[PDB]
Each structure stands twice: as structure tokens, then as C-alpha cells.
Amino acid sequence: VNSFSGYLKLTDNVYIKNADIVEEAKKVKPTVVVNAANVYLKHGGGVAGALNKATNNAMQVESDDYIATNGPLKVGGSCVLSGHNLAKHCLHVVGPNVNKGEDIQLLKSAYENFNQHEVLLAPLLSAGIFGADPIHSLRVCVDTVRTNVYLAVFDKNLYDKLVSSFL
Ligand SMILES: OCc1nc2ncc(Br)cc2[nH]1
């Protein structure tokens, strides 16, 4: 039993809600919140900009130190950093950005990072400003993630379409 509330169950391990991931993180304080990161951990907009803003820029400060030490992530890769006031940990996951020409096949590799954590609150990777079809992202999520994932979808219209079209 966990504290996530109001999710629709899609499969044995995948759940979904029409919610702002920031507000959902602040309320649940999950062990792991997933950020829709880019390789530079520059949290400017989309989900990353919103998460970082909610940490009063502390996420960005931590991220800049991480990059200065380690260099950029790989597309499809991830790193675990602090969750600040939102969660115990933040799993920064880089899905391919379609508006950068990156191979959508890397979406499965991106979701594989979720399997290193027993429970996660997450957005749909590569959705929104990353330019991929959120319906396809949900399909890859369900077919790749085996751990317990709670998906927050900001847009109600999108949330309703994802549910109604789910196979
Ligand atoms: O909590 C305020 C907020 N702003 C946001 N912008 C984009 C996304 Br996705 C989620 C957001 N949550």
C-alpha cells in the first residue's frame, strides 16, 4: 500500500492521473520523482522548468555542479540527484527530443531507467515540448517499465485521450 490517490490502473504496474506533477510531488513526497531532463540538466521549461521552479532553483544549482563534475548525460540515460522539497530523490531521465532530431527508438532505453526503482512518480517521457506522441510514449512505458509507475498528466484533454485510446 502506498499514498498515491485517484489513479486509473492501466496494467499490473502502470497507473495514471490528470495532475500537476509538481503539486502531486509536494503532496505525496514520493521516494522518486522523475524529471523530463535534457542532457545538460538545463531545467528551462516543460516539466523540468516547473520542477526546478518549485525547488527555488536548488535543483538547477545541484545539476550544474553534477554536470561540471561528470559531463552531460546520454540521450536515453539518467542520473539520480536530490528530490529537494518534492521527493527523496529525483531521477533525471533524458528522453529523445523530437524537435532535435533524436531517434525515437531511444524512448525505450529512457524508460528502462525506471526499472531501477521500485515505485516512481513520473511524467510521460518525450511528451510535451520534447515533441513525441504522448500516446506512443504511454505504450512504450507500459511495454518497458516493470516497476510501479504513477504517471501524472498535466493536460486534462490529453489525459482523457490517453485513457480513452489505451489498449
Ligand atoms: O506547478 C506549476 C506547474 N507548471 C507546469 N508547467 C508545465 C508542466 Br508539464 C507542469 C507544471 N506545473
Side-chain angles (χ1 to χ4, degrees), residues 1-38 41-63 66 73 78-95 97 107 110-166:
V1 178
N2 61 50
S3 166
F4 290 100
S5 177
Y7 289 74
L8 181 69
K9 180 167 178 61
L10 300 177
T11 67
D12 180 72
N13 67 295
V14 177
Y15 291 80
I16 192 167
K17 186 180 179 176
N18 175 206
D20 188 333
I21 192 172
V22 166
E23 290 307 311
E24 186 73 6
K26 284 196 287 184
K27 153 176 121 57
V28 177
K29 288 294 232 83
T31 305
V32 179
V33 66
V34 173
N35 182 32
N38 59 51
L41 303 179
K42 287 172 59 94
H43 307 302
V47 168
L51 290 171
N52 176 59
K53 179 176 173 183
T55 76
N56 182 45
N57 211 50
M59 178 181 285
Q60 191 63 68
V61 170
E62 176 195 32
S63 294
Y66 173 92
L73 295 182
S78 71
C79 68
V80 178
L81 290 173
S82 180
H84 301 275
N85 53 317
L86 304 176
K88 188 177 188 307
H89 303 104
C90 179
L91 182 69
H92 296 272
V93 180
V94 184
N97 190 320
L107 188 56
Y111 273 117
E112 287 170 343
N113 295 287
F114 287 26
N115 289 322
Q116 300 294 317
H117 304 276
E118 290 190 351
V119 181
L120 315 86
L121 171 62
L124 284 168
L125 299 177
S126 295
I129 70 177
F130 284 60
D133 181 355
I135 298 182
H136 170 67
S137 183
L138 175 56
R139 188 73 260 165
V140 178
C141 180
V142 164
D143 294 341
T144 304
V145 181
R146 299 178 299 284
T147 56
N148 291 146
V149 56
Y150 290 84
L151 294 168
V153 177
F154 181 57
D155 187 62
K156 169 59 171 175
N157 287 324
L158 178 59
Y159 171 84
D160 289 334
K161 180 193 193 123
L162 286 165
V163 168
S164 288
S165 63
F166 184 71

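In what follows, residues are counted from 1 in the order of the sequence shown.
- Within a 6.0 Å sphere centred on NZ of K42, heavy atoms belonging to other residues, nucleotides or ligands number 12 at most.
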For the pair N35 and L91, evaluate side-chain contact (heavy atoms from CB on, under 4.5 Å) and give the outcome as yes or no after the intermediate values. CA-CA 6 Å; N35 182 32; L91 182 69; over 6 Å; no
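- Remark: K9 pairs with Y15 by the side-chain contact (heavy atoms from CB on, under 4.5 Å) rule, at least two apart or across chains.
- Taking a 6.0 Å sphere around NZ of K27, one finds it holds more than 12 heavy atoms contributed by other residues, nucleotides or ligands.
- For the atom pair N115 CG and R146 CZ, the distance stands at 4.0 Å (nearest 0.5 Å).
- With contacts defined as side-chain heavy-atom distances shorter than 4.5 Å, the pair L41/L73 qualifies.
- Evaluation of the salt bridge (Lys or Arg N to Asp or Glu O under 4.0 Å) test over residues 128-142, restricted to residues two or more places apart or in two chains, returns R139-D143.
- Among residue pairs with one or both ends in residues 44-59, those qualifying as side chain to side chain donor-acceptor pair (under 3.5 Å) are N52-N57; sequence neighbours excluded.
- With a 4.5 Å cut-off on side-chain heavy atoms, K26 and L86 count as touching.
- The 12-atom threshold is exceeded at NZ of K29, counting heavy atoms of other residues, nucleotides or ligands nearer than 6.0 Å.
- Taking 4.5 Å as the limit, some side-chain heavy atom of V153 sits within range of a side-chain heavy atom of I16.
- Once rounded to the nearest 0.5 Å, the distance linking CG of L162 with CG of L151 reads 9.0 Å.
- In this structure, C141 SG and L107 CG are separated by 9.0 Å, a value rounded to the nearest 0.5 Å.
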Step-by-step side-chain contact (heavy atoms from CB on, under 4.5 Å) determination, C90 to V32: CA-CA 6 Å; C90 179; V32 179; over 6 Å; no
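- Of all non-hydrogen atoms in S5 and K17, the two that sit nearest each other are O-NZ, 2.9 Å.
- Using a 4.5 Å cut-off on side-chain heavy atoms (C-beta onward), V142 and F166 make contact.
- Considering every non-hydrogen atom in both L158 and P134, the closest pair reads CD1-CG, 3.5 Å.
- Under the 3.5 Å distance criterion, the side-chain polar atoms of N18 are matched with a main-chain donor or acceptor of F154.
- Between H43 and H92, the ring centre distance stays below 6.0 Å.
- Nearest heavy-atom pair, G45 versus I129, reported as atom, atom and distance to 0.1 Å: C-CD1, 3.9 Å.
- Judged by distance alone, the side chain of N13 and the main-chain N or O of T147 form a donor-acceptor pair under 3.5 Å.
- A 4.5 Å side-chain heavy-atom check between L125 and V93 finds at least one atom pair inside the cut-off.
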Apply side-chain contact (heavy atoms from CB on, under 4.5 Å) to residues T31 and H117 and explain how you reach the verdict. CA-CA 9 Å; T31 305; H117 304 276; over 6 Å; no
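- In this structure, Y66 has no ring-ring contact (aromatic ring centres under 6.0 Å, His included) partners at least two apart in sequence or on a different chain.
- Looking at every heavy atom in both residues, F130 comes nearest to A36 through CZ-O, 3.7 Å.
- Looking at heavy atoms from C-beta onward, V33 lies out of side-chain contact with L120 at the 4.5 angstrom threshold.
- Looking only at distances, no side-chain donor or acceptor of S126 sits under 3.5 Å from a matching main-chain atom of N97.
- Put simply, the side chain of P30 reaches to within 4.5 Å of the side chain of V28, judged on heavy atoms.
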Expected list for residues 78-85: side-chain donor-acceptor pairs under 3.5 angstrom, two or more places apart:
from : atom 1 : to   : atom 2 : distance (Å)
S78  : OG     : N113 : OD1    : 2.9
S82  : OG     : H84  : N      : 2.9
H84  : NE2    : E62  : OE1    : 2.8
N85  : ND2    : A54  : O      : 3.1

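- Side-chain contact between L51 and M59: present, with at least one pair of heavy atoms (C-beta onward) separated by less than 4.5 Å.
- In this pair, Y150 and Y7 present their aromatic rings perpendicular. The plane angle is above 60°, beyond the 30 to 60° band.
- Residues in residues 114-125 take part in no salt bridge (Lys or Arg N to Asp or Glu O under 4.0 Å) pair, two or more places apart or across chains.
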